Amino acid sequence: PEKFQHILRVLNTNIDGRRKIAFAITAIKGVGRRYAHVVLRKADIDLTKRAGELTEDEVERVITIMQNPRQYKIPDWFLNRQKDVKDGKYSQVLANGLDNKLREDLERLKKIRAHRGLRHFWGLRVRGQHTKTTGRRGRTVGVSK
Amino acid sequence: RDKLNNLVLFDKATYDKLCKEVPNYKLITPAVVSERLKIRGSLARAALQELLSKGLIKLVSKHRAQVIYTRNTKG
Amino acid sequence: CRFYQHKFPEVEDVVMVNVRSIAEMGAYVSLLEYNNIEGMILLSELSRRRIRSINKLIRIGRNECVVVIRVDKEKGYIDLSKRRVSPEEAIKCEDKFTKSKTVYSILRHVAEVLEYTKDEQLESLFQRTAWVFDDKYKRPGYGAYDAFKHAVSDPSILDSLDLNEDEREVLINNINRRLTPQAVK
Amino acid sequence: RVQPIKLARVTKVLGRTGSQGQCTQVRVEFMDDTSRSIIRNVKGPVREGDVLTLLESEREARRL
Amino acid sequence: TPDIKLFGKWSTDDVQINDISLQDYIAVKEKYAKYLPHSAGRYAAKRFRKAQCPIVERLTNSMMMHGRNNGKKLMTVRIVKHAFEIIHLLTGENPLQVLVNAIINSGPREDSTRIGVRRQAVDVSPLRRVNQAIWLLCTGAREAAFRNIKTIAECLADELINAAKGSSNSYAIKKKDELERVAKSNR
RNA sequence: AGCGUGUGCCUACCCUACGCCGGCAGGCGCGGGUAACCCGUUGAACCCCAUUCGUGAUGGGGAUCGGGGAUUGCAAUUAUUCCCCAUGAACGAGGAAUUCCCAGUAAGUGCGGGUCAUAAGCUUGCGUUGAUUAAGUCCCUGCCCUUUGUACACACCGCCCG
RNA sequence: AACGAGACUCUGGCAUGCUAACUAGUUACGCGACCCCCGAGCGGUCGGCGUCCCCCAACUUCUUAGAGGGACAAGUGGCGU
């Protein structure tokens, strides 16, 4: 036990030091179940321990692996930003950087006024769905005059 | 609406109780240890395997969905 | 916690209750002057005449006045009825409940002293002073609210027993913050 | 005030009763005195020579 | 030698049925002793054929019920198996005596039929008494397990032990003592 | 496991073993079948045995939405279908009402056929695991037969009075 | 006297009896081959395992499908003008 610290702050977000290490770091945006397992496998960490049982140099090893996947031989087919449209790079985007990357994508579609950008602006379904009977969020209207 | 607050690791006030309570119970199982000590089921599973290797309890039965243990062959 | 002297209600008198569910034979209910204990009203006991819908006689979460028609002490079974209750008895039930809710709102707040770890402190603070202040008067029909009103005009009531300073001041304030408009009549 | 339990044996089935045919009507003989027989209504499936448990012996019922 | 069959682990000869109305409808001992509570028998084909089914198989059938569990009989045999092993540790007694006494205590003996909010009291037959007892104690085990770390094998053991002594902590005893209270008001 | 389908007769497409390349969808090579002969002993799902989680909208649930890669086609944007990383909604057994069902049945579970260049949350068949409750009644909604009354025959959703 | 009902047609469950199979199998051996010694007993005649392989061996239980067979309220006990 050692009565060690059981809440910790990692990338401007709070991790509970109380779940299994592979399910604690998925509190970061851009890190799902599948990616969190592969990062800890490259970092040489035992998956059996609770997240409050890592030492100070073990968390810095995990953080420096999450920010640079391609230098620790994580494959290109794993990553969430592929050939990024403005500069051609491959990377994983995390935390408040993922919010801004979506914010730039919706404005890029709106500025040229393509059909995607207009559907996102009017608040309608963007992909191929019908709209007669599903997604209702207004109020019932009466027939009376 | 309510919340439990079960522990993930022991402290001496509950670990000494784990070793003192062994003769009291006719039936020993991870769920009855969990609710009585305020312990998670994964810590209750781990604690009962240590007492077995210490020789303090008897395994009655094992299956994927249910283990059963009992007091050490008297009382 | 309990508001009164005794573990269970007595037969053929009126209690304040709150309704939790409705089924094929009756409605299931929690008594409020006791520690939320279970009892039930049978559908035959709701009215003297034909029922157009049940939902307008009873609905869940509303407070209600009923008589206790039977009790078994050992198993903890209580049967309730509404066909019996006259509107004077409903007014009397609301007076008993208001005189009890005010006393309990004092004692629950006075209990927030020392360690306050368990309901053992509530039951220990209910016993002695507040209990001996009205166990003597069950037949005349007073509650500890009247002893607290005597303790406001002369604290010698409080000085007669083992005492706490919240138990003095909170008791006085829950009368005086309402009694101070002793206006022209 | 209180009265004891009595046990009685079915000697004949007489027909079916109630709004939907729900209850069997039956003749029963008491097991403490072979001369005493009465008629009763029963909720479940019933067969000749079954034993019923009666919470009151003094009540008797015809066609509901 | 083959005249005694231990149901894997538990003897039938020492069992007793203490209500004379139910001795014909609770099938235990003799030709009703088997190794497992699982057969493919055609018990549905005639009205009273149901009474020849061993009582441990009737408990096993009634347990594979609630929608997501239909047809899953191999899972339901091991629930009964692990419940009987817990009953023997808690009580020190034969698990078949605990099941028989739980059935004798749980079946209601007066009930009221419906005629128009309006009801009339009637007697209950011994076949409907054993049918009602099984459904009540299976329901009691099923409702307690639904959001607890307790397994259904532990809840079925707790429910049978409380019913065998009539404690009124069980679901089956509270419901029996409700049905007979309501019917006593409809005489 | 069981029921089936297979080189399209204008009309131009079929079912696939084995070897090699790729995380995957997929690609190249080279054989059998016009079928009790080849795909095929049709290595199906639930179920069965062992592990991890611990009563938390949680490792339950997977809607909504960003970026990249294949395949059909003359053409895929108002996203054909398929693959990958990421995002992580309502929902804690459902008010007044109301449907279907009696034994290898209800319900659970997966597989063929149709439509098909591309493609089932539909429908029509097949096997597998397998209960609880009844052996009755005319109460509710209806049907058959007889006696009876009528101012109805557009036939009670009729006719008719101030 | 006529139509409907029923009969009728297809289908499910039984046949170690019949007919007879290299586009279906079994058993057995002339035998042949790989692996294990666990087996009375050796590394064997003899044992175990096989969708490992020939028969110019014997056969039809398991598969296919043609002909016939079988069930009638026929037997025994009650109830019914």
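One is the number of the first residue shown, and numbering goes on along the chain from there.
The header says electron microscopy, 2.9 Å.
Just so it is clear, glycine is given a Cβ too, placed from its N, Cα and C backbone atoms.
Copied over from Swiss-Prot:
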type     : residues : note
CROSSLNK : A:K86    : SUMO2 cross-link
MOD_RES  : A:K89    : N6-acetyllysine
CROSSLNK : A:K89    : SUMO2 cross-link
MOD_RES  : A:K101   : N6-acetyllysine
CROSSLNK : A:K101   : SUMO2 cross-link
Site of maximum Cβ density within 10 Å, from recorded positions A:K86, A:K89, A:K101: A:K101
Distance, A:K101 (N6-acetyllysine) to A:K89 (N6-acetyllysine) (CA atoms, angstrom): 14
Length of the line joining the Cα atoms of A:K101 (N6-acetyllysine) and A:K86 (SUMO2 cross-link), in Å: 11
